[PDB]
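K.L.:
Take a look at the following structure, please.
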Amino acid sequence: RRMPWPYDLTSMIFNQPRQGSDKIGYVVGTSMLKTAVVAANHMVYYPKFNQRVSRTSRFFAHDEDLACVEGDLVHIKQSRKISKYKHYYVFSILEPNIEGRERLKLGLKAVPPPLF
Amino acid sequence: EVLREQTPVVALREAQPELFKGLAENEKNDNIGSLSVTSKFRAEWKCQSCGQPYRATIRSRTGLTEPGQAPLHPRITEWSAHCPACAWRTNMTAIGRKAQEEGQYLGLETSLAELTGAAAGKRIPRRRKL
Amino acid sequence: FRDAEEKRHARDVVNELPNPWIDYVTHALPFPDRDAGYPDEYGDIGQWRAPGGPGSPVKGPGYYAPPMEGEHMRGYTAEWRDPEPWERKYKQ
Amino acid sequence: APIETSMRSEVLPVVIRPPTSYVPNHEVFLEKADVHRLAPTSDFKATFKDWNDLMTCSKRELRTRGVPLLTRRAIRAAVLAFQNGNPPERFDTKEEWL
Amino acid sequence: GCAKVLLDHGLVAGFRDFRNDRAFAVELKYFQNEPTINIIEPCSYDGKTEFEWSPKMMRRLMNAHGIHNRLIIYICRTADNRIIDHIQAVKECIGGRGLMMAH
Amino acid sequence: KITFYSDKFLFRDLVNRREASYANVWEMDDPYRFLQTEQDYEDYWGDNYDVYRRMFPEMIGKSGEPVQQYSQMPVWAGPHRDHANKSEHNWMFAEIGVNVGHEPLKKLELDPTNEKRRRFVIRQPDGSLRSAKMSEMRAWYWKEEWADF
Amino acid sequence: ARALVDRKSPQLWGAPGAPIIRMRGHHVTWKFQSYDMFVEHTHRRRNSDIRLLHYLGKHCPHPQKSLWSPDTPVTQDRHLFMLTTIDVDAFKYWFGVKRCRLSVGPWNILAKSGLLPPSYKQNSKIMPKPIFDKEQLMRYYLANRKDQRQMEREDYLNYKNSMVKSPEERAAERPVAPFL
Amino acid sequence: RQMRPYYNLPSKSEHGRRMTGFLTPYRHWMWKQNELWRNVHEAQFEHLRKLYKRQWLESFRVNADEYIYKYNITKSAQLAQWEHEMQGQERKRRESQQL
Amino acid sequence: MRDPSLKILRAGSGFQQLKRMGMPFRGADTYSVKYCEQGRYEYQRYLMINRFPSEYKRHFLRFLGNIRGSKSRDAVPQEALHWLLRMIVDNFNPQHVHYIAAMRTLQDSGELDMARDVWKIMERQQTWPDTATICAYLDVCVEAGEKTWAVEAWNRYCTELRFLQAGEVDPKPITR
Amino acid sequence: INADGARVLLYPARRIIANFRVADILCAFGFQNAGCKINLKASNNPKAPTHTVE
Amino acid sequence: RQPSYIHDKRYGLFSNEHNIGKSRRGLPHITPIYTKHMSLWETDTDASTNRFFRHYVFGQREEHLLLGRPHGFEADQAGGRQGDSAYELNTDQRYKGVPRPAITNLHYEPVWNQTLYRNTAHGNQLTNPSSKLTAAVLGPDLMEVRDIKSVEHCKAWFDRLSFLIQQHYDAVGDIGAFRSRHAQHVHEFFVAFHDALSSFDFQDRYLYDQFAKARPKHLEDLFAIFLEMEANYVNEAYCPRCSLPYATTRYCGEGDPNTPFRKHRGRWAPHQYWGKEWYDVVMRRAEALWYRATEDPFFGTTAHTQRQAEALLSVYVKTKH
RNA sequence: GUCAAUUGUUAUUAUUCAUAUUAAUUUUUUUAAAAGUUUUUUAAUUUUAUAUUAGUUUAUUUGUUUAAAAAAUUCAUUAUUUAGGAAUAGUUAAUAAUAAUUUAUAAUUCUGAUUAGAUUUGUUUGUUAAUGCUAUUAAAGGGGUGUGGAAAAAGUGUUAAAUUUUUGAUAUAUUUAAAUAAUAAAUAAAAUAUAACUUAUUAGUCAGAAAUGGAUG
């Protein structure tokens with residue numbers, strides 16, 4: 001048995017109007033337009049083990065002015081259904097990847113490419 | 001049943017012989033009369049009107065009960081003086097009579113019958129309302 | 001009907017006695033007046049706890065001293081401002 | 001275990017009406033009570049002996065004489081509504097249903 | 001704080017906070033050339049799990065079949081970060097996470 | 001008990017004794033020096049019923065809420081339906097609610113002073129409404145054990 | 001609405017209707033039987049109280065003996081007691097505020113307690129329904145009708161707002177010379 | 001449940017319902033009598049339904065009176081403590097600043 | 001063999017307890033006497049709930065709909081006051097629209113004392129009413145005919161109100 | 001305790017709780033509130049009775 | 001289980017029924033109920049109050065791992081925390097964020113929070129039967145009318161006993177074809193009448209208030225009458241275990257159906273003559289009441305009466321002790 | 001702040017694992033059950049909307065008046081099985097009421113996807129001293145004149161339900177479905193209304209309660 005553990009990072013920093021209302025995570029994907037893929041942590045607590053592990057997932061969020069560069073810390077919130085999979089909007093960006101803007105200012109991709 | 005012989009009520013023989021004589025001749029009328037007028041004994045009876053026997057407890061046709069007993073329907077004396085089927089007409093002939101005589105029926109006759117007077121109304125001390 | 005039922009009501013002395021089941025409603029809000037033996041924060045039955053323990057809402061401070069730069073002598077004396085035949089043993 | 005009781009007649013005198021002129025018989029009154037074919041009231045008329053016979057028949061007594069449930073329903077208030085002020089005035093609906 | 005508690009219960013002769021960051025010293029105390037601390041065990045065999053103790057979960061321990069029994073000593077780290085033995089922990093009726101046991 | 005008192009636990013009990021004062025000697029050796037609070041007095045004297053009945057009158061309670069009748073509801077239907085109020089079986093009615101009905105607050109749930117007294121009405125078979133006396137009310141709560149050892 | 005009508009459960013006025021106080025039996029023998037009174041919407045779904053708004057109380061159909069009374073023989077009003085518990089709080093709400101329906105099945109019981117008058121299906125067969133005519137009721141309405149002014153104080157108090165601030169009370173909530 | 005008496009207005013058409021729901025001009029009058037007995041007995045409801053609705057409202061206004069009154073005791077206490085915690089806190093940020 | 005006390009003291013957050021916490025013998029003798037001591041509603045703690053940014057307004061409108069809609073025909077004049085309470089009971093702090101909506105609806109219904117009750121509630125809630133709201137309560141005070149009320153409310157809230165002098169600028173721009 | 005071949009536990013209880021053998025080994029011993037469970041298997045075991053005793 | 005009033009306070013009073021009114025609701029997976037103890041809420045409660053937040057390894061760790069707070073696997077601060085981070089250490093957070101809410105002032109200045117309405121002005125001005133307001137509004141006149149049964153109940157109680165005293169005065173006499181007077185019948189009723197006054201389970205105390213005004217002066221000494229009864233029952237004619245002749249009727253208990261010698265499978269026992277033992281049982285039965293005469297709190301008088309002393313002395317002389 | 005408590009006769013030892021109890025299939029007459037829904041003036045028209053199928057694990061989500069009765073939506077987060085494991089495909093996103101051949105190269109996937117196999121997605125069980133192991137729903141099968149407020153619309157019944165009070169003196173109905181019957185299983189009788197099967201019985205006898213003879217070899 002693996003039961004959802006609400007007490008976590010996003011719960012402790014932000015008062016969530018309902019379950020999972022707001023979330024926080026790193027901007028993994030900005031390939032799609034007006035849609036910054038984010039990886040955030042939703043906790044699962046094992047009563048058997050009595051230890052809780054983190055299962056990280058992928059959420060989409062809508063950034064209007066294309067403000068989210070790869071490697072940023074965003075504080076997203078839930079909202080009305082924008083598409084089949086977007087229901088989040090980037091409420092605020094905490095940590096901007098300075099390099100990501102500058103490494104784009106040089107003319108490159110905001111992150112070196114993966115290896116495999 | 002709970003108050004086996006605690007009621008000081010007197011028997012039917014001494015009190016109401018006409019009911020005692022109205023009883024169906026159960027051959028034990030010397031015994032049936034000895035019971036109280038209030039008793040819950042489901043005695044048989046004779047149709048005063050319909051020439052048949054009918055089963056109505058002593059107090060029902062009597063209409064009398066002990067203080068502490070839950071009072072009966074206050075108009076039972078007539079309901080059980082008459083054998084039940086043959087009884088219906090009696091209490092309906094009276095009210096239908098005074099019904100057509102004015103074309104009016106209101107069951108509220110009890111209230112005006114309950115009304116002894118505005119003097120009797122003041123037997124209630126009403127409360128100092130806020 | 002209404003008057004002649006209220007009128008006969010105006011005669012009987014058994015009336016004019018406030019019947020609780022008619023006069024009012026005991027409690028209107030869905031949450032009870034006080035905590036009544038329900039499972040506590042730690043999951044134990046109310047038999048194993050006493051209401052008003054440490055989980056009780058904080059009673060709150062008494063005074064009000066906003067700053068660290070709270071500098072006033074003749075203060076700090078305004079917090080405390082403390083016949084009869086008592087039995088000797090008990091007063092001991 | 002002494003427990004007295006106000007007998008069911010003493011709370012309310014249960015007196016049964018005599019037949020009105022419209023259904024003055026034991027049989028014709030039961031003929032009035034076949035609202036739907038599932039209650040064959042008419043072929044069960046003979047089961048009761050007279051007017052005053054039908055009226056006092058109880059849940060145990062009606063049942064023991066073989067009266068099926070739908071009849072155990074329909075025959076009842078034909079008496080009761082009659083006691084209350086509604087004699088069994090109901091146009092049979094078999095043909096329209098059928 | 002734990003050694004401070006065990007000391008006041010006497011399972012150890014006496015601790016000392018040398019204020020060294022790494023390690024401090026505690027003097028064991030023997031009786032009948034047998035160590036006073038028969039069975040001492042850390043509550044959470046793993047750091048990932050941190051079991052917390054209701055003021056009743058401790059109170060059930062003090063009663064071994066109807067006799068108020070303060071033999072075993074459990075240490076609790078209160079929410080206020082006061083290292084407290086289970087005995088005092090039920091006294092002022094406050095819970096905390098469970099560090100270890102000793103008896 | 002299996003408590004392990006410290007080696008110096010009664011020190012405050014000592015400097016009390018080692019510094020006690022007594023005006024007359026009998027005070028020093030009085031037989032009821034042990035008795036400090038009422039919780040002590042109730043037990044020490046709980047043996048001799050004699051003083052126990054005469055010192056504690058409140059233990060043998062004699063004051064209960066008098067069985068009080070409640071007025072009915074004047075029904076506009078007239079006497080045509082007023083037969084229903086009278087019946088065979090005296091109906092017992094008790095109040096249930098998210099507020100009231102719980103065991104722990106029983107001593108408050110039936111307090112004669114608490115404005116929120118749980119409501120218990122018995123419709124007597126005649127039709128009158130009376131308050132249920134304390135015996136029936138408690139029967140709506142669960143049972144309890146009690147006996148003089 | 002459905003080409004196949006839900007035959008064994010036909011209900012009026014579409015769905016999903018307002019609350020109705022109902023009597024749900026827990027299907028066991030009559031000895032073990034004990035019904036419920038509960039505020040549920042009109043239609044019943046097969047998920048068995050999926051749609052229960054609020055649970056009022058419990059009724060026992062079997063006449064129980066002395067409910068552990070002191071076995072008082074002297075009252076003589078110690079008939080077989082019929083226990084019944086009812087949530088007056090919620091009922092005062094749903095009946096009054098949300099205007100739920102009221103089914104006769106339970107209603108007869110509530111009438112016993114003092115909340116409500118006898119139900120309709122309760123028919124005093126000895127006392128039939130009376131006859132009515134406007135004329136003889138006019139003279140009564142002509143004879144004894146309450147004054148308009150007094151009645152306006154009655155219904156207003158009886159229906160709108162019982163709590164009316166008396167001058168004495170009004171004399172208290174009047175402020176004082178510090179800030180008056 | 002609409003009832004279809006026998007002397008009710010009949011229709012001699014076999015295409016549909018045979019009996020019609022069109023009363024006899026006496027069944028109108030018995031109705032206005034039997035319908036009245038309801039109105040005679042029913043007008044008690046809208047009297048009660050206003051009464052019970054009145055109490056429950058006044059109930060909510062006197063019960064929640066004590067509640068808001070008591071809840072205010074808690075929040076005023078809980079908050080005065082929170083501004084006091086940041087006070088008991090800020091001195092630590094000071095002393096740790098000294099360290 | 002592992003200690004039995006451990007086998008209990010280990011699984012304190014056992015999913016059995018989790019149900020009794022709601023995360024996903026029985027007489028009156030056992031329950032403590034200290035139960036009957038808690039005063040009315042003391043058992044409840046403070047509650048600081050954050051609601052959705054939109055639902056902050058929708059919920060206000062429904063409250064704004066009842067108060068200014070209570071005095072239609074059926075709902076009692078008092079009802080306007082009962083909706084102000086149900087909001088406050090559930091921690092929605094009552095905004096100035098819900099205050100004016102009460103005093104207006106209450107005055108229209110001839111209820112003057114109750115119209116002051118709404119004013120004391122906002123005196124209890126320690127909500128400082130703006131000038132628009134201050135004049136509102138004074139309006140019922142006119143129907144109330146009490147100088148003792150207006151004088152009281154005068155000192156407390158509208159003391160520093162000063163006429164716009166010729167030299168002062170104009171209605172201040174939004175600064176918050 | 002792990003006497004070689006078994007892991008035996010002794011714990012308090014309201015009364016004597018054990019199998020038919022261990023019942024007497026505590027009762028014929030003299031204990032009253034004892035409670036014992038012999039590893040529920042006595043891990044290092046052939047089927048031998050002395051391991052229940054030692 | 002958790003109660004249901006938890007649902008309302010978090011979401012809204014009576015928010016339940018509005019949600020129930022959904023057309024497509026509960027089929028097949030309902031929206032379950034949010035019943036979570038108020039101190040265990042995900043959002044509102046801080047770390048110092050919610051125990052679950054005090055978890056470290058996957059809880060507070062990530063926070064200090066994000067905030068930059070020097071954090072260890074165990075330390076002096078709340079959760080795996082050693083010292084403040086550079087930000088907390090340098091910036092003043094007293095008045096940053098939401099302004100200090102005005103309702104705080106309510107605490108130090110508490111006169112504002114006051115119950116506008118009298119809790120008794122709810123409709124319960126007379127729910128307290130013993131209050132001063134109750135007797136005032138009811139007046140002295142209707143005051144007794146509220147409790148005519150409490151007087152009638154108590155008074156009818158005695159008139160059961162005063163009647164029983166006379167009927168079963170002398171137990172030797174017979175009241176049936178096999179029915180006899182006996183001392184137990186008055187006692188077990190009286191005990192039951194003393195049961196109502198005194199018991200904890202069958203608990204009725206109001207009756208004693210009415211004793212002063214519902215007492216029969218014929219029974220001011222309830223217990224002398226009790227002792228005057230055994231002196232009658234001491235006669236050697238009828239069985240002391242049976243109240244029937246020990247010769248006429250062979251086996252006792254047939255004649256009074258309530259006799260406990262008959263059980264689900266209770267057989268019979270022979271009769272007995274009046275012997276020393278059945279002199280002694282009377283003695284202890286005579287004794288037990290004597291001490292009770294003064295020790296009985298509800299009925300027994302304060303001290304013995306001249307009617308009592310001669311009454312017991314009668315039983316002694318008769319029982320030949 | 002009142003209830004956690006473990007019972008196999010083993011067979012060198014290691015290894016949860018044959019013969020035990022609990023709960024189940026075995027296991028048996030005491031709860032079902034058949035058709036004809038019903039209105040209406042118009043050959044018509046009002047009112048009569050989710051058990052039983054077939055194969056689904058990133059899955060199933062919702063009402064303008066219909067009723068009630070006098071500006072609330074089509075979206076979502078989560079959790080998803082196979083022992084030995086590699087690709088998927090009317091694509092994704094942005095335009096827009098475009099896009100049968102627009103614009104990007106996109107989208108899923110080893111954090112185990114798609115196809116295939118089994119399973120109807122679980123406040124329901126059982127076991128237990130207990131984290132656990134171990135069950136459960138009678139329940140939505142595409143679109144093709146589009147009705148209706150909502151497709152839930154040629155099986156699949158049973159609820160006191162269907163626009164006059166049909167009827168509650170009823171709970172009883174006999175063939176196909178769950179639903180634990182050896183109900184004081186053996187001595188004194190049933191405050192009965194007398195109807196139910198009818199006889200209603202088996203196992204053991206080396207080890208461990210208990211055997212000799214007779215065969216056998």
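Quick note on naming: the chains in the structure tokens go A, B, ... in the order shown, residues restart at 1 in each chain, and ligands are numbered from 1 in order of appearance.
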Applying 10 Å and only C-alpha atoms (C1' of nucleotides), which residues near residue 52 (chain E) remain after dropping the ones on its own chain fewer than 2 positions away? List them as a PyMOL selection string.

P.N.:
(chain C and resi 42) or (chain E and resi 49-50+54-55+57+76-78+95-99) or (chain I and resi 9-13) or (chain K and resi 51-52+54-55)

K.L.:
Let me see the file: selected residues, C-alpha atoms, as a CSV table (one decimal), in the first residue's frame.

P.N.:
```
chain,number,residue,atom,x,y,z
C,42,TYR,CA,-2.6,11.2,17.3
E,49,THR,CA,12.0,6.7,9.6
E,50,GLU,CA,11.4,9.0,12.5
E,54,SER,CA,1.6,10.0,21.3
E,55,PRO,CA,1.3,10.9,25.0
E,57,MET,CA,1.5,5.5,23.2
E,76,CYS,CA,11.8,11.5,23.4
E,77,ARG,CA,12.8,14.7,21.5
E,78,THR,CA,9.9,17.1,22.1
E,95,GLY,CA,4.5,14.0,22.7
E,96,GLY,CA,7.6,13.8,20.6
E,97,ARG,CA,9.7,11.7,18.3
E,98,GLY,CA,11.4,8.6,19.8
E,99,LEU,CA,15.1,8.4,20.0
I,9,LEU,CA,6.4,1.5,19.4
I,10,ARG,CA,7.7,1.2,15.9
I,11,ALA,CA,4.4,1.3,13.9
I,12,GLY,CA,2.8,4.2,15.6
I,13,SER,CA,1.8,5.6,12.2
K,51,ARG,CA,3.8,16.6,13.8
K,52,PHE,CA,4.0,15.4,10.2
K,54,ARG,CA,8.5,17.6,11.7
K,55,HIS,CA,9.6,14.7,9.5
```

K.L.:
Which of chain G end up as strand (DSSP E or B) when DSSP is run on this backbone - answer as a PDB file with N, CA and C atoms, in the first residue's frame?

P.N.:
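Everything below was put into result15.pdb:
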```
ATOM      1  N   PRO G  19     -35.076  17.372  -1.005  1.00  0.00           N
ATOM      2  CA  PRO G  19     -35.134  16.394   0.085  1.00  0.00           C
ATOM      3  C   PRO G  19     -36.558  15.981   0.427  1.00  0.00           C
ATOM      4  N   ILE G  20     -36.692  14.749   0.915  1.00  0.00           N
ATOM      5  CA  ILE G  20     -37.939  14.218   1.454  1.00  0.00           C
ATOM      6  C   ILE G  20     -37.596  13.349   2.656  1.00  0.00           C
ATOM      7  N   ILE G  21     -38.279  13.579   3.774  1.00  0.00           N
ATOM      8  CA  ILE G  21     -38.067  12.752   4.954  1.00  0.00           C
ATOM      9  C   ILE G  21     -38.730  11.402   4.738  1.00  0.00           C
ATOM     10  N   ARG G  22     -37.948  10.333   4.844  1.00  0.00           N
ATOM     11  CA  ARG G  22     -38.418   9.013   4.456  1.00  0.00           C
ATOM     12  C   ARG G  22     -38.170   7.998   5.559  1.00  0.00           C
ATOM     13  N   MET G  23     -38.679   6.790   5.334  1.00  0.00           N
ATOM     14  CA  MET G  23     -38.596   5.690   6.289  1.00  0.00           C
ATOM     15  C   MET G  23     -37.961   4.498   5.579  1.00  0.00           C
ATOM     16  N   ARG G  24     -36.666   4.289   5.807  1.00  0.00           N
ATOM     17  CA  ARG G  24     -35.939   3.184   5.190  1.00  0.00           C
ATOM     18  C   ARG G  24     -35.793   2.063   6.213  1.00  0.00           C
ATOM     19  N   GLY G  25     -36.364   0.904   5.905  1.00  0.00           N
ATOM     20  CA  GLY G  25     -36.186  -0.244   6.770  1.00  0.00           C
ATOM     21  C   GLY G  25     -34.924  -1.007   6.413  1.00  0.00           C
ATOM     22  N   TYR G  35     -36.738   0.835  11.655  1.00  0.00           N
ATOM     23  CA  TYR G  35     -36.646   1.750  10.527  1.00  0.00           C
ATOM     24  C   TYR G  35     -35.826   2.984  10.883  1.00  0.00           C
ATOM     25  N   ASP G  36     -35.610   3.839   9.884  1.00  0.00           N
ATOM     26  CA  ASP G  36     -34.825   5.060  10.010  1.00  0.00           C
ATOM     27  C   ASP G  36     -35.623   6.253   9.504  1.00  0.00           C
ATOM     28  N   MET G  37     -35.280   7.440   9.994  1.00  0.00           N
ATOM     29  CA  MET G  37     -35.802   8.695   9.469  1.00  0.00           C
ATOM     30  C   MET G  37     -34.620   9.559   9.055  1.00  0.00           C
ATOM     31  N   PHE G  38     -34.623   9.989   7.799  1.00  0.00           N
ATOM     32  CA  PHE G  38     -33.439  10.510   7.140  1.00  0.00           C
ATOM     33  C   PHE G  38     -33.863  11.423   6.000  1.00  0.00           C
ATOM     34  N   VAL G  39     -33.152  12.535   5.850  1.00  0.00           N
ATOM     35  CA  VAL G  39     -33.434  13.505   4.800  1.00  0.00           C
ATOM     36  C   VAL G  39     -32.680  13.076   3.550  1.00  0.00           C
ATOM     37  N   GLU G  40     -33.421  12.618   2.547  1.00  0.00           N
ATOM     38  CA  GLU G  40     -32.848  12.207   1.276  1.00  0.00           C
ATOM     39  C   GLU G  40     -33.624  12.887   0.161  1.00  0.00           C
ATOM     40  N   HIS G  41     -32.964  13.087  -0.978  1.00  0.00           N
ATOM     41  CA  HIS G  41     -33.661  13.580  -2.155  1.00  0.00           C
ATOM     42  C   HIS G  41     -34.759  12.604  -2.564  1.00  0.00           C
ATOM     43  N   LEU G  52     -27.935  10.553   0.680  1.00  0.00           N
ATOM     44  CA  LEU G  52     -28.503  10.917   1.974  1.00  0.00           C
ATOM     45  C   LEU G  52     -27.945  12.267   2.412  1.00  0.00           C
ATOM     46  N   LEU G  53     -28.815  13.276   2.519  1.00  0.00           N
ATOM     47  CA  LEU G  53     -28.361  14.599   2.942  1.00  0.00           C
ATOM     48  C   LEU G  53     -28.010  14.621   4.424  1.00  0.00           C
ATOM     49  N   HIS G  54     -28.862  14.040   5.262  1.00  0.00           N
ATOM     50  CA  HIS G  54     -28.635  14.069   6.698  1.00  0.00           C
ATOM     51  C   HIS G  54     -29.454  12.976   7.359  1.00  0.00           C
ATOM     52  N   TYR G  55     -28.909  12.435   8.443  1.00  0.00           N
ATOM     53  CA  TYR G  55     -29.543  11.360   9.197  1.00  0.00           C
ATOM     54  C   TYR G  55     -30.220  11.955  10.425  1.00  0.00           C
ATOM     55  N   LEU G  56     -31.545  11.815  10.503  1.00  0.00           N
ATOM     56  CA  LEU G  56     -32.274  12.422  11.611  1.00  0.00           C
ATOM     57  C   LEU G  56     -32.218  11.553  12.859  1.00  0.00           C
ATOM     58  N   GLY G  57     -32.788  10.356  12.805  1.00  0.00           N
ATOM     59  CA  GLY G  57     -32.892   9.568  14.015  1.00  0.00           C
ATOM     60  C   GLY G  57     -33.275   8.129  13.733  1.00  0.00           C
ATOM     61  N   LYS G  58     -33.642   7.446  14.814  1.00  0.00           N
ATOM     62  CA  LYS G  58     -33.951   6.025  14.815  1.00  0.00           C
ATOM     63  C   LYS G  58     -35.299   5.800  15.478  1.00  0.00           C
ATOM     64  N   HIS G  59     -36.103   4.920  14.890  1.00  0.00           N
ATOM     65  CA  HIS G  59     -37.351   4.493  15.500  1.00  0.00           C
ATOM     66  C   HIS G  59     -37.356   2.981  15.654  1.00  0.00           C
ATOM     67  N   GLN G  64     -41.294  -1.822  23.303  1.00  0.00           N
ATOM     68  CA  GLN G  64     -40.423  -2.316  24.355  1.00  0.00           C
ATOM     69  C   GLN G  64     -41.056  -2.093  25.723  1.00  0.00           C
ATOM     70  N   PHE G  81     -43.228   1.093  26.232  1.00  0.00           N
ATOM     71  CA  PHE G  81     -42.623   2.299  25.687  1.00  0.00           C
ATOM     72  C   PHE G  81     -42.152   2.038  24.267  1.00  0.00           C
ATOM     73  N   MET G  82     -42.300   3.039  23.403  1.00  0.00           N
ATOM     74  CA  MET G  82     -41.787   2.976  22.039  1.00  0.00           C
ATOM     75  C   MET G  82     -40.683   4.015  21.893  1.00  0.00           C
ATOM     76  N   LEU G  83     -39.436   3.556  21.902  1.00  0.00           N
ATOM     77  CA  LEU G  83     -38.303   4.463  21.811  1.00  0.00           C
ATOM     78  C   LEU G  83     -38.233   5.089  20.426  1.00  0.00           C
ATOM     79  N   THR G  84     -37.819   6.352  20.377  1.00  0.00           N
ATOM     80  CA  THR G  84     -37.605   7.054  19.123  1.00  0.00           C
ATOM     81  C   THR G  84     -36.754   8.285  19.374  1.00  0.00           C
ATOM     82  N   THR G  85     -35.639   8.370  18.655  1.00  0.00           N
ATOM     83  CA  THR G  85     -34.715   9.491  18.758  1.00  0.00           C
ATOM     84  C   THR G  85     -34.775  10.270  17.456  1.00  0.00           C
ATOM     85  N   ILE G  86     -34.770  11.596  17.554  1.00  0.00           N
ATOM     86  CA  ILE G  86     -34.934  12.459  16.392  1.00  0.00           C
ATOM     87  C   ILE G  86     -34.020  13.665  16.547  1.00  0.00           C
ATOM     88  N   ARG G 101     -39.783  17.734   1.678  1.00  0.00           N
ATOM     89  CA  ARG G 101     -41.072  17.070   1.754  1.00  0.00           C
ATOM     90  C   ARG G 101     -41.232  16.407   3.118  1.00  0.00           C
ATOM     91  N   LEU G 102     -42.432  15.906   3.378  1.00  0.00           N
ATOM     92  CA  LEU G 102     -42.731  15.229   4.630  1.00  0.00           C
ATOM     93  C   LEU G 102     -43.623  14.028   4.355  1.00  0.00           C
TER      94      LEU G 102
END
```

K.L.:
Write out as JSON, numbers by chain the residues lying within 10 Å of residue 49 (chain H), counting only C-alpha atoms (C1' of nucleotides) and excluding same-chain residues fewer than 4 positions away.

P.N.:
{"G": [92, 93, 94, 95, 96, 97, 99, 159], "H": [43, 44, 45, 53, 54]}

K.L.:
Which residue, A:26, A:49, A:60, A:14, has the smallest gap to residue 73 (chain A) when you use only C-alpha atoms?

P.N.:
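So, comparing all the options, the nearest one is A:26.
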
K.L.:
May I have the residues of chain I within 12 Å of chain J, counting only C-alpha atoms, written as a ChimeraX atom specification?

P.N.:
/I:1-5

K.L.:
Could those residues be written to a file, using N, CA and C atoms, as a PDB file, in the first residue's frame?

P.N.:
```pdb
ATOM      1  N   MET I   1      14.974 -12.282  19.734  1.00  0.00           N
ATOM      2  CA  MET I   1      13.670 -11.887  19.215  1.00  0.00           C
ATOM      3  C   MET I   1      13.414 -10.403  19.458  1.00  0.00           C
ATOM      4  N   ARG I   2      12.910  -9.715  18.434  1.00  0.00           N
ATOM      5  CA  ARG I   2      12.674  -8.279  18.509  1.00  0.00           C
ATOM      6  C   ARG I   2      11.652  -7.965  19.595  1.00  0.00           C
ATOM      7  N   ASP I   3      11.898  -6.886  20.333  1.00  0.00           N
ATOM      8  CA  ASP I   3      11.092  -6.555  21.497  1.00  0.00           C
ATOM      9  C   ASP I   3       9.625  -6.388  21.107  1.00  0.00           C
ATOM     10  N   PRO I   4       8.686  -6.895  21.907  1.00  0.00           N
ATOM     11  CA  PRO I   4       7.273  -6.607  21.627  1.00  0.00           C
ATOM     12  C   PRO I   4       6.942  -5.135  21.765  1.00  0.00           C
ATOM     13  N   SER I   5       7.562  -4.444  22.725  1.00  0.00           N
ATOM     14  CA  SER I   5       7.341  -3.008  22.860  1.00  0.00           C
ATOM     15  C   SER I   5       7.770  -2.268  21.600  1.00  0.00           C
TER      16      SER I   5
END
```

K.L.:
Please, which residues of chain C, numbered as in this document, come out helix (DSSP H, G or I) from DSSP, as a ChimeraX atom specification?

P.N.:
/C:2-9,20-23,46-48,88-91

K.L.:
Give as a list in words every residue of chain I that touches chain F within 6 Å, counting only C-alpha atoms.

P.N.:
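The answer, sorted by residue number, is residues 27, 28, 31 and 36 of chain I.
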